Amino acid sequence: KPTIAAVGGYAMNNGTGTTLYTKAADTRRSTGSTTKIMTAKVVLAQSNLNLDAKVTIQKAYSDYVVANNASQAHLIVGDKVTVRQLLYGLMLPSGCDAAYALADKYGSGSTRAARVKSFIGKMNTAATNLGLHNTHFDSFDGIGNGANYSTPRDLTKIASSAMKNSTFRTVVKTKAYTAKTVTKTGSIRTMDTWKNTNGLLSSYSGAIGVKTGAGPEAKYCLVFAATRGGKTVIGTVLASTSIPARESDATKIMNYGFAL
């Protein structure tokens, strides 16, 4: 059993559900942007889902990333961006502006505030439906709050559920993506290329996911997944000490899991 810097860790065989590694696996901690996995999951399960549906980037999305010094996809106010493009902006550079856009779009309500509230409710309803008991969302992106928490086991179960969706799988294993959006003049704008923050995609052979996280309370987090020899290992590390450490933590757990 490897030792890791993260104070919380968990991994299982994605196909069988069998546990492969644990370290305070059921201890509630902050999630950082790994919460965005649930945001993507909820969006992709909406009945009225249309990946080609366009969303106008509101000034509020930009003001939001600035006010919260949140990671962003650099979405340009006024641009028309598709839900598919928003999902890539959400998962690759960890676009909290894209998260806001998705919540505004899919929440139920007559105001952005009401729709955001409704969307977070959907996130909690999805957790409940998975039979989770140590997870609660108070945001659509993991930005702030003691009422936003999960555990390495719970997040791994949310990730496993999300990975059942082919679109989700396609997105989280993508290393680079360049969005071509529509400007106010109708012209097509080529945005700066987005790079997936998950270093495992290039450093770990067989890696297929899933999502990074890093904040003042959550520290360095990573939900990982890789497939080798017909076996898929999926897991989560919470509160590692740095980006390089979170990557090695995950690398060790997966290597251990594949050898078990």
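Quick note: we count residues from 1 along the sequence shown, nothing fancier.
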{"property": "Stretch with the higher entry mean CA B-factor, where the candidates are 217-225 and 198-206", "result": "198-206"}
{"property": "Segment of higher mean CA temperature factor, 184-192 or 114-122", "result": "184-192"}
{"property": "Of the residues 212, 27, 31, 47, the one carrying the largest Cα B-factor as recorded", "result": "47"}
{"property": "Highest recorded Cα temperature factor - choice among 179, 159, 147, 90", "result": "147"}
{"property": "Record-listed C-alpha B factor of residue 35: chain third", "result": "lowest"}
{"property": "Chain-relative CA temperature factor third for residue 83", "result": "middle"}
{"property": "Where the record places residue 237 (Cα B-factor, split into thirds across the chain)", "result": "lowest"}
{"property": "Position of residue 131 among the chain's modelled residues by C-alpha B-factor, lowest, middle or highest third", "result": "highest"}
{"property": "Cα B factor band for residue 109 (lowest, middle or highest third within the chain)", "result": "middle"}
